[PDB]
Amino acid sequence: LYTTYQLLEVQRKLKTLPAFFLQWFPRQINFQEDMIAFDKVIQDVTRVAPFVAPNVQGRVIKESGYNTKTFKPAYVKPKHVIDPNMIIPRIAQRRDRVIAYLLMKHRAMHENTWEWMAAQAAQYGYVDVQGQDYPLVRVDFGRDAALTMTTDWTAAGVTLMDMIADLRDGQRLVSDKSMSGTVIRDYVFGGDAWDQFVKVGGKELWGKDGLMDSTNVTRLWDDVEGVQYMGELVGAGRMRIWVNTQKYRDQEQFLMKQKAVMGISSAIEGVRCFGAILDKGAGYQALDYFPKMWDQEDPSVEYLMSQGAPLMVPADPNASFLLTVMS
């Protein structure tokens, strides 16, 4: 058998393709107990108590909800049988090879969970997660309601100057409503919003005198399917244009709202928060993922399990906006 330390050496050694939305969640807190403290994350002294309510059949049950300074994150726990005879696309040598593939698959399950939690927190200001007594609960971080907009880019006589002004309103509202007052320079478009912005913008956007300047965070996405850096939109305020068409799997959905545009700043200063994983003898383990191997009977197999308890909390919930453009 291998110790957690030995399994972490393997699990952590390789490089994994960059996460798009988490680039705005650079900070990290590995909490010492089972609870996450928002007072140690959220900047706004009025917004340090997010509203947590059960999400039952899509509907948020606000009645049985409360404001809380502290949260108990549910464990993300992939568990797989270690079969040395397992089919891997590329005796003890093969056993180790199986463990490493499984550890990589587990690390991916945790990493993608962080990314989708980042996507939801940044886009909506709230994240739907697994609860303690309910299968799903909503953690509302209280982003200003003016930062969730609606417009119709499919209406008659809409121009590129009108579309940029919708985007600019959003960044000016962020400047007004955010702690820092940061000027947004990044605009993540969903695929339908982008196609819409290009349907209307055409000649004025990509032509001989286009606004798009198509010419090192912008080049790390070349080999990433779903992410496309389009260039800076030159304005007499040079906007960075991102298009996100990434999909993930639910027990397959789009990471970014396809018919919307999200504006975001580095001032969101999102924090990857992690609860400590309780271990019988070793006590609490403050880790992002925690691999454990063991032999058992009933069934007579060897198991590998990577446990983690995450939440992606924004420091400044008001440092981003979402603008829906179609229906």
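One rule holds for the numbers: they count along the sequence shown, beginning at 1.
- According to the record, no deposited residue between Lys208 and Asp209 is left without atomic coordinates.
- The deposited sequence places 4 to 9 unmodelled residues between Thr215 and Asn216.
- Set 50-58 against 286-294 and average the Cα temperature factors; 50-58 ends up higher.
- Taking only CA atoms, the mean B-factor in the PDB entry is higher for 315-323 than for the other of 315-323 and 302-310.
- Taking the PDB entry at face value, the top CA B factor among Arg94, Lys257, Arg240, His106 belongs to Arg94.
- For the set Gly231, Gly226, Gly191, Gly181, the PDB entry puts the maximum C-alpha B factor at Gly181.
- Per the deposited record, the Cα B-factor of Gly142 falls in the middle third when ranked against the other modelled residues of its chain.
- Looking at the C-alpha B-factors along this chain, the one for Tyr124 belongs to the lowest third.
- Sort the chain's modelled residues by C-alpha temperature factor and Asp166 lands in the middle third, per the entry.
- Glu111 sits in the lowest third of its chain by CA B factor, as recorded in the PDB entry.
- In the deposited entry, the Cα temperature factor of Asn30 places it in the lowest third of its chain's modelled residues.
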